[PDB]
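Starting off, we have a lone chain in the form deposited in one PDB entry, written out as structure tokens.
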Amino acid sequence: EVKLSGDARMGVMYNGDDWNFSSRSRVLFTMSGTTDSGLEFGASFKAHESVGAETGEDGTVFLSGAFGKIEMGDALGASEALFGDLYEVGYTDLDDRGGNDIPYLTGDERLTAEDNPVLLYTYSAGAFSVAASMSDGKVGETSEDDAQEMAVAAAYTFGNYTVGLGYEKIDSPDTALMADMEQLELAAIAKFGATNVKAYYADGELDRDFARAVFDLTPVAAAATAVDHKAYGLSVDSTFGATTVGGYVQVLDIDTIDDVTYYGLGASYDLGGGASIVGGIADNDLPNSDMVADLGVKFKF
């Protein structure tokens, strides 16, 4: 069975200097089935991904059961599968100055995307959850000696709160050229009525020149070094009636290289029916940074 859903948005966006019209529409194909013993299986991808979904680069395929779910394709990484990301600000998701996303190292469309189809395993039992993920250590089916990437996370919900932790590791095929990167994450999610609060603290080590490239700095002509980093952040959103207001603030401090605090503030008004007016503002504290902002309508079909 194949079900269709879709979305669209339109409005105006300020990129720091000019306003521009911004719009889009997408269509999602969700396919499902149950085997005779009650195993579930399915697949989904958006229409603009038809081509990569046909090679396993985009879209995901899965099979679940009493043993947990195995998913393959552009599967999220284990930590991000359990904890997700922060309040999404702006109708276009105002990612320009850093975004609402938690800086997960692996999985998805993140640092490991070249590796795809990656595999995600997840399993819950009552109030606990575990997730583990990895590439094959080759570039999909072309047996390329590469990035072996992997992650593990686990959570525990106790009433109102989930708290969890995860570990992500990216192995370098030539550490004289690229240090291995690793990160440890702790996250705590709390819902109190119409308010959601999500907070995280991650720490680990990054390859020097990847870290210098994050902040847009030329690399240094030397062998690879690992620098230490710690990241952390918070979003709060609440809904009153049909109005949600929310924001987030996060910091990345990569030691010996630079520090940035980035943030955003947004609001939505639900017109009911699948449409809402959404608008937002995000920025960070580095040097250049010019706020971006937007305002428009978002539609779910």
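Residue positions are given as counts along the sequence shown, with the first one as 1. Here, rigid core means the biggest group of C-alpha atoms that superpose within 1.5 Å across both forms.
Beyond the structure shown, there is the form deposited in another entry, which is absent from this document and is the topic of what follows.
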Entry of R110, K169, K191, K230 that shows, once the rigid core is matched between this form and the one not shown, a C-alpha shift of 2 Å or more
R110
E49 and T112, C-alpha gap in the other form relative to this structure (3 Å or more):
closer
Working note: in the other form the C-alpha atoms of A47 and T112, off by 3 Å or more, come closer
